[PDB]
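Those sequence lines, one after another, are chains A and B.
Just so we're aligned: the first sequence equals residues 4 to 43, 46 to 48, 74 to 196, 225 to 252, 285 to 299, 310 to 610 in the authors' numbering.
Just so we're aligned: the second sequence equals residues 3 to 41, 74 to 107, 126 to 151, 153 to 196, 224 to 251, 285 to 301, 308 to 610 in the authors' numbering.
For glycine and all other residues, C-beta sits at the position ideal for the given N, C-alpha and C.
Here is the structure we will look at.
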Amino acid sequence: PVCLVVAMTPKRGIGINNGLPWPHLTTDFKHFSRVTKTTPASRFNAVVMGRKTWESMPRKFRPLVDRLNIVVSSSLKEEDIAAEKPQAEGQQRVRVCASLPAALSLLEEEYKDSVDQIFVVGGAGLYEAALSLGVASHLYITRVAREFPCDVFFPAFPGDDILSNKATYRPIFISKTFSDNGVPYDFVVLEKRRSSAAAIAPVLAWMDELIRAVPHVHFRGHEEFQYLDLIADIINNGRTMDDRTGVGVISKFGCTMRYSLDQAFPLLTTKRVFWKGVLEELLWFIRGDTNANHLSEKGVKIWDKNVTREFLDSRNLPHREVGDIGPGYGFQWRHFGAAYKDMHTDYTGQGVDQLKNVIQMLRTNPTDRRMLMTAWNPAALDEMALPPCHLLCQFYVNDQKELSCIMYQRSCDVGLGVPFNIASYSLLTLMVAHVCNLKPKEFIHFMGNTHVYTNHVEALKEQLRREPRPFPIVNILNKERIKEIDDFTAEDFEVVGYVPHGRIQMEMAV
Amino acid sequence: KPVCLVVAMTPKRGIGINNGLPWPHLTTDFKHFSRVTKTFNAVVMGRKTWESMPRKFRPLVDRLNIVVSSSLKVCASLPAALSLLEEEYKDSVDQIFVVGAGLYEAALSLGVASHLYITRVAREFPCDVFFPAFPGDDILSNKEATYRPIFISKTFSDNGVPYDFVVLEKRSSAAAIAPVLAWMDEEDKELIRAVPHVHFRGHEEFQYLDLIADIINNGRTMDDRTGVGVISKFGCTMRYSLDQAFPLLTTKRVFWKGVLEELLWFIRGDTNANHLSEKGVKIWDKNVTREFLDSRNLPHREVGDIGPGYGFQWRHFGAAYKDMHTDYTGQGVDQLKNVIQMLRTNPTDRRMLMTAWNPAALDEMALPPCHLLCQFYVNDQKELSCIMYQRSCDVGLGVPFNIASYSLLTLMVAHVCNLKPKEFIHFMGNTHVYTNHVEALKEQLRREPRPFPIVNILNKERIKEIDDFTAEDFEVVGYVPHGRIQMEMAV
Ligand SMILES: NC(=O)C1=CN([C@@H]2O[C@H](COP(=O)(O)OP(=O)(O)OC[C@H]3O[C@@H](n4cnc5c(N)ncnc54)[C@H](OP(=O)(O)O)[C@@H]3O)[C@@H](O)[C@H]2O)C=CC1
Ligand SMILES: NC(=O)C1=CN([C@@H]2O[C@H](COP(=O)(O)OP(=O)(O)OC[C@H]3O[C@@H](n4cnc5c(N)ncnc54)[C@H](OP(=O)(O)O)[C@@H]3O)[C@@H](O)[C@H]2O)C=CC1
Ligand SMILES: C#CCN(Cc1ccc2[nH]c(N)nc(=O)c2c1)c1ccc(C(=O)N[C@@H](CCC(=O)O)C(=O)O)cc1
Ligand SMILES: C#CCN(Cc1ccc2[nH]c(N)nc(=O)c2c1)c1ccc(C(=O)N[C@@H](CCC(=O)O)C(=O)O)cc1
Ligand SMILES: Nc1nc(=O)c2nc(CNc3ccc(C(=O)N[C@@H](CCC(=O)O)C(=O)O)cc3)cnc2[nH]1
Ligand SMILES: Nc1nc(=O)c2nc(CNc3ccc(C(=O)N[C@@H](CCC(=O)O)C(=O)O)cc3)cnc2[nH]1
Ligand SMILES: O=c1ccn([C@H]2C[C@H](O)[C@@H](COP(=O)(O)O)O2)c(=O)[nH]1
Ligand SMILES: O=c1ccn([C@H]2C[C@H](O)[C@@H](COP(=O)(O)O)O2)c(=O)[nH]1
Numbered sequence: 004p005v006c007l008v009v010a011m012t013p014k015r016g017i018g019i020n021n022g023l024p025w026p027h028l029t030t031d032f033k034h035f036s037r038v039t040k041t042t043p046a047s048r074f075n076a077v078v079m080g081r082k083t084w085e086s087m088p089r090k091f092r093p094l095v096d097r098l099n100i101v102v103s104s105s106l107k108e109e110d111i112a113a114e115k116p117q118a119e120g121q122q123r124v125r126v127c128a129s130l131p132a133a134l135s136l137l138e139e140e141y142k143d144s145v146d147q148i149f150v151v152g153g154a155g156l157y158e159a160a161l162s163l164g165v166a167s168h169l170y171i172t173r174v175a176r177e178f179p180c181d182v183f184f185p186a187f188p189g190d191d192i193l194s195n196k225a226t227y228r229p230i231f232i233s234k235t236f237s238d239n240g241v242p243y244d245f246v247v248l249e250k251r252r285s286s287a288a289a290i291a292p293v294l295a296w297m298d299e310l311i312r313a314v315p316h317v318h319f320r321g322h323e324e325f326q327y328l329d330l331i332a333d334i335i336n337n338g339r340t341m342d343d344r345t346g347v348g349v350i351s352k353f354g355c356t357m358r359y360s361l362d363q364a365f366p367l368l369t370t371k372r373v374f375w376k377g378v379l380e381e382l383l384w385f386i387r388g389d390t391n392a393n394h395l396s397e398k399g400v401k402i403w404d405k406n407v408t409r410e411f412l413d414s415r416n417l418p419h420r421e422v423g424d425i426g427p428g429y430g431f432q433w434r435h436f437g438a439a440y441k442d443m444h445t446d447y448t449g450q451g452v453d454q455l456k457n458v459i460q461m462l463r464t465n466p467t468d469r470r471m472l473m474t475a476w477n478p479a480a481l482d483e484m485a486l487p488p489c490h491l492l493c494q495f496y497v498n499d500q501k502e503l504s505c506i507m508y509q510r511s512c513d514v515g516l517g518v519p520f521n522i523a524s525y526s527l528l529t530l531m532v533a534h535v536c537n538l539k540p541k542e543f544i545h546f547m548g549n550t551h552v553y554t555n556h557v558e559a560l561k562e563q564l565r566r567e568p569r570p571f572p573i574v575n576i577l578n579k580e581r582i583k584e585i586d587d588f589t590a591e592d593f594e595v596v597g598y599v600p601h602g603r604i605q606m607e608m609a610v
Numbered sequence: 003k004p005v006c007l008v009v010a011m012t013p014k015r016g017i018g019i020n021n022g023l024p025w026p027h028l029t030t031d032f033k034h035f036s037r038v039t040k041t074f075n076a077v078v079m080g081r082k083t084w085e086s087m088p089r090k091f092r093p094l095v096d097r098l099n100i101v102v103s104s105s106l107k126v127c128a129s130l131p132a133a134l135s136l137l138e139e140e141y142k143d144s145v146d147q148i149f150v151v153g154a155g156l157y158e159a160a161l162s163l164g165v166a167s168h169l170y171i172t173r174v175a176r177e178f179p180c181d182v183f184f185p186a187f188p189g190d191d192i193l194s195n196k224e225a226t227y228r229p230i231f232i233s234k235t236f237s238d239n240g241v242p243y244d245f246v247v248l249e250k251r285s286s287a288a289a290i291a292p293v294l295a296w297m298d299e300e301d308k309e310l311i312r313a314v315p316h317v318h319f320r321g322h323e324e325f326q327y328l329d330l331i332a333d334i335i336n337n338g339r340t341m342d343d344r345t346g347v348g349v350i351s352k353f354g355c356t357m358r359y360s361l362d363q364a365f366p367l368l369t370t371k372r373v374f375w376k377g378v379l380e381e382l383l384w385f386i387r388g389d390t391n392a393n394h395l396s397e398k399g400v401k402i403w404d405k406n407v408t409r410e411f412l413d414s415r416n417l418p419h420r421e422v423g424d425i426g427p428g429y430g431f432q433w434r435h436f437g438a439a440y441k442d443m444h445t446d447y448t449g450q451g452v453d454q455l456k457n458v459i460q461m462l463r464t465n466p467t468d469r470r471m472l473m474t475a476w477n478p479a480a481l482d483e484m485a486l487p488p489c490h491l492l493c494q495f496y497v498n499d500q501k502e503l504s505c506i507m508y509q510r511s512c513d514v515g516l517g518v519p520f521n522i523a524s525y526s527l528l529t530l531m532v533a534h535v536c537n538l539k540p541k542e543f544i545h546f547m548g549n550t551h552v553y554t555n556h557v558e559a560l561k562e563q564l565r566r567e568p569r570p571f572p573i574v575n576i577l578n579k580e581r582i583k584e585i586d587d588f589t590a591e592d593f594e595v596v597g598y599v600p601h602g603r604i605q606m607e608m609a610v
């Protein structure tokens, strides 16, 4: 009964020119070593590999230490390998077999009592045979999120949708996202399916008491499970309420998520997020811009329905031109408290530039505890097309020059807005880290009224049947040119290794 | 042979009076009692205790009963009743429970009880029968084998009586996954933990105790404005239920008078700290001395003037500040009034927030506000919840005070809106322990929490609007904390 261990691009690519397609992934090698070596004593595990895989390995590491090595080949002989390098004392002699079935026979015949687990370690010849024989119980797959030139591929398999969009192999384990050398990746395991404190439990018994994301996944390390579980939690436990929009709501109050920013970027994968939209909106905020036509004109229409003639009038703002969000978000960030006129006015130097203050405090006194920016100005709310939802953020620097950010959001459309908000403030954290010579560490999301609209519930349930993919990496390009927060442009960003499931249509509650 | 005692007692160990119970009917305690005693089982009770039971329940059903009188229609002693359980009933008897005094004290002297199931009634009541003193006693009030708590429930209440439940003891797919979890856990000296002997930690105060432990264990050592130094973390969260009891911390006495007076002071939009100090509430004095104000570049401020902070922003957001003797009536935005009006007319609105954070006015304040935003929420059962966001949290000194403060605001706002208080949710930014508090906090972490008290609003009929509350309209009922712990304020 065998296990497969592999690293794989989303297109199932595993090799090129008898080498690996990506730069060195040190955590993946640790993992490989740890999975293939470990045992309870008497025994060792075996690794079975094809001839070219054996040849692809550097001499100094071959044979793989403390594991019985078997090579499947018809041309290489056991004495070829013995001649390559002296067998070290205590290690096993390297065996050669003509086929995978022969390797498994040999294991039974001559190494019962001696080997514990059997691992098939590549290449495509062996992976294919192992799947054909149906002898693989588990797949240890390292999912590399970037595509690389490959000439060798892991075979198609039922359940290969954990890699990319199109007996079965279902994931029972999904880790958080790692990275090395600009490459994001994660680890999954698939499974072939087809009176101490005794007497305390009756008090527990009487004090004690449906929708769930991909419930077969038992180890839920991927940080996107916070979002997926929050959807389920609201649907299971939330309360059905009315709402400003007339569309129903199911709501909860006081919710929390947090996303690491040191290895990869929390752009959700369980549906495609509108990244051009987040980037363009954030730059617009940073400008202090209140003209949503500037967004609309670039193909970002997110503010259009709340800046129509009709919606502005429902807000008693007949004097606003279409597109004018009033003194909201970016205006309050860059010009807190300034007297608003319209979206065409120059406000340079009016009011408080909170963003500048935060940055200057980060650069000069990062232990200060007042590094906040707010968009909630009670005096100006009635002049806004919409009172801000994400209304405050706070920054923090630790010991090691690592920057974390908290954002408070009064109102959270879990279906439509939340993924977008996660990406937006995570990006702001990247931008601020760079300009302050800091390392981005963490985004922390504090949520007030956290809701899913009734007309989203069905689509959200489909979303919960999808397992997450490894997070992408976002790189800031042209770092040397970029010295201040206003220097960033729409071209200074690269999203690397993003492989989300398909878009899900969800109407905005207007 | 294993024996357990089931009891409910006041902090002074009171269990009865005039052959009855001291307190009004405790519904949940009775459930608890029912369950615990059956899973047949034997309950064993003294003569008088049998009488006290109403006849409709007198045979305690689904359990063997034993009365230990020497005068009735049934053993003559407690040793006797234990013999009668080995000899006969040896089979089909699981555990045995003793359920009066005399019986309790017999069971303790003979040393046969291995566990104590105690319902701690938080209030005192007249009693003439008391549970025996016993080592482990401090679990009730502040007054060799010993009894150690192993379980401490959340706080309940019925008929205006707060109470707790504690238990004391006499003293392939997982295989596939394993190697992967193991390496992920590897990286990565002696952790502290609040009362590690308590396994089942239902008491909501454990959030605060665990928070202290987590900061000291996993926080990073940093500098800070005051010069004292802290250990800090960022982004922490607690929540306290308000429907049964009130989260006034019990592992050290919280300064309740101070909480109440500061809050009423906020609500009036008062910015003169001498009004607090003149009432014996000196919490703001060191941040409004001549010296501190000058350090803030405020030489023109009069001693005691906090500037346009907290309450001023609540009641007059954005108004132009003069001094603390000015009348600001009608000026600025009355956020508190707006919040209340929205709660009363359209409680599904998602903009029910109040902020103290006004960037245009920060430099004019003695201290930028720590608790700077709160948001309210109503469900479909008319239950009110409140979230407060705090940018900077002095865990040892400030946090217990802040918890009580906003929980109290929640009770007040619920009342004038004809809602019921449900939950206070505490969101924390820079969450820190000052270096000179660490030792004191380590003492505190050795204390088992007591049941939370309940706070009642008095004269409810007179109180219609948030401004109507006075310092005399509240009663804290059943508060039984451990002693105060001195913690010096970093200025
Ligand atoms: N990303 C990853 O996880 C991994 C990537 N790689 C790499 O993948 C590509 C190399 O693998 P691949 O090209 O498939 O090389 P293989 O390791 O499969 O070696 C190829 C050959 O191995 C022996 N052979 C294999 N299958 C059979 C069979 N089914 N029956 C009989 N003999 C068999 C044969 O050698 P003979 O001709 O002597 O008979 C066949 O020619 C490389 O890039 C290697 O580095 C490898 C392992 C893992
Ligand atoms: N808070 C709680 O959890 C509980 C409180 N209570 C309160 O109990 C009061 C009664 O307790 P208490 O007055 O101590 O009543 P008991 O139930 O202990 O009855 C007293 C007597 O019981 C039999 N007895 C007890 N001890 C001995 C002994 N050591 N040797 C021989 N016989 C013994 C005797 O009756 P005889 O004279 O016939 O020999 C002794 O006089 C009430 O207020 C009752 O409600 C009771 C249960 C629980
Ligand atoms: C949060 C936030 C910012 N916002 C601003 C914004 C404004 C009003 C709102 N109103 C409501 N009820 N919910 C929102 O989330 C919301 C968000 C967004 C608005 C729309 C989309 C959106 O429609 N996303 C879709 C469809 C459009 C597209 O892709 O072009 C998507 O699936 O990407 C995203 C973000
Ligand atoms: C929260 C809040 C409101 N506040 C306001 C307030 C002002 C400045 C602060 N400064 C610091 N560093 N931490 C605080 O918690 C703090 C709190 C409080 C202030 C003091 C006490 C208090 O109990 N002080 C102690 C110790 C005085 C001393 O000797 O230093 C006392 O003796 O009671 C409580 C609440
Ligand atoms: N997930 C996965 N990642 C891989 O890199 C991988 N590689 C191969 C084949 N190629 C190689 C090449 C070198 C070493 C190697 O030197 N291994 C050392 C790593 C030691 C360590 O980091 O502790 C070993 O002793 O395992 C292993 C396999 C087969 N399955 C894989 N599977
Ligand atoms: N913790 C504790 N609380 C008590 O009230 C208590 N009471 C007694 C003695 N008095 C009483 C009185 C009535 C019932 C009683 O009627 N018990 C029923 C019903 C419980 C219910 O009404 O839900 C039972 O079988 O549990 C039990 C004990 C002994 N130990 C106690 N221990
Ligand atoms: O950044 C944003 C902006 C808006 N929304 C959705 C929040 C709500 O479901 C609706 C906003 O309307 P009110 O909360 O103002 O009713 O905003 C978000 O989730 N994120
Ligand atoms: O309600 C309050 C007021 C103050 N503090 C303590 C917060 C800090 O440790 C110190 C305030 O100083 P700065 O955060 O402003 O530096 O305030 C609180 O914990 N709660």
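Exposed or buried, which one is residue 4/B when buried takes at least 16 other CB atoms within 10 Å? exposed
Since residue 48/A meets chain B, which of its residues come closer than 7 Å, beta carbon to beta carbon? Simply none; closest approach about 14 Å.
Since residue 30/B contacts residue 292/A with CB under 8 Å, what's their CB separation in whole angstroms? Not a contact, Cβ separation roughly 15 Å.
Residue 164/B: CB within 6 Å of a non-hydrogen atom of ligand 2: Not one heavy atom of ligand 2 is found less than 6 Å from the C-beta of residue 164/B.
Cα separation between residue 429/A and residue 237/A? 34 Å
Does the segment 328–347 of chain B come into contact with the segment 558–565 of chain B, if we say contact requires no fewer than three beta-carbon pairs (one atom in each stretch) closer than 8 Å? yes
Given a cut-off of 7 Å, decide if residue 514/B and residue 302/B are closer than it, judged by their beta-carbon atoms. Structure remark: chain B lacks residues between 301 and 308, so residue 302/B is without coordinates.
With distances taken from CA atoms, which of 420/A, 482/A, 353/A and 403/A is nearest residue 544/B? 353/A
Residue 352/B - partner residues in DSSP beta bridges: 550/B
Chain B contact for residue 173/A (CB, 7 Å cutoff): no
With residue 100/A and residue 127/A assumed to form a contact (beta carbons below 8 Å), what rounded beta-carbon distance in angstroms separates them? 6 Å
Where DSSP assigns a beta bridge to residue 232/B, which residues make up the other side? Per DSSP, 246/B and 320/B.
If I follow the unbroken beta strand (DSSP E) through residue 509/A, where does it start and stop? 502–513
Given that a residue counts as buried once 16 or more other Cβ atoms are within 10 Å of its Cβ, and exposed if not, what is residue 318/B? exposed
First through last residue of the beta strand (DSSP E) which encompasses residue 167/A: Start and end: 166–174.
Are the C-beta atoms of residue 548/A and some chain B residue less than 7 Å apart? yes
Residue 494/A - partner residues in DSSP beta bridges: 472/A and 506/A
Three-state secondary structure assigned by DSSP to residue 102/A: strand
Closest Cα partner of residue 474/B within the set 487/B, 482/B, 463/B and 464/B: 487/B
Give me, in chain order, the residues of the same chain whose beta-carbon lies closer than 6 Å to that of residue 502/A; leave out the 5 immediate sequence neighbours on both sides. 539 and 541
How would you call residue 532/A, buried or exposed, if buried means at least 16 neighbouring beta carbons within 10 angstroms? Residue 532/A should be labelled buried.
How many Å lie between residue 570/B and residue 35/B at the Cα? 18 Å
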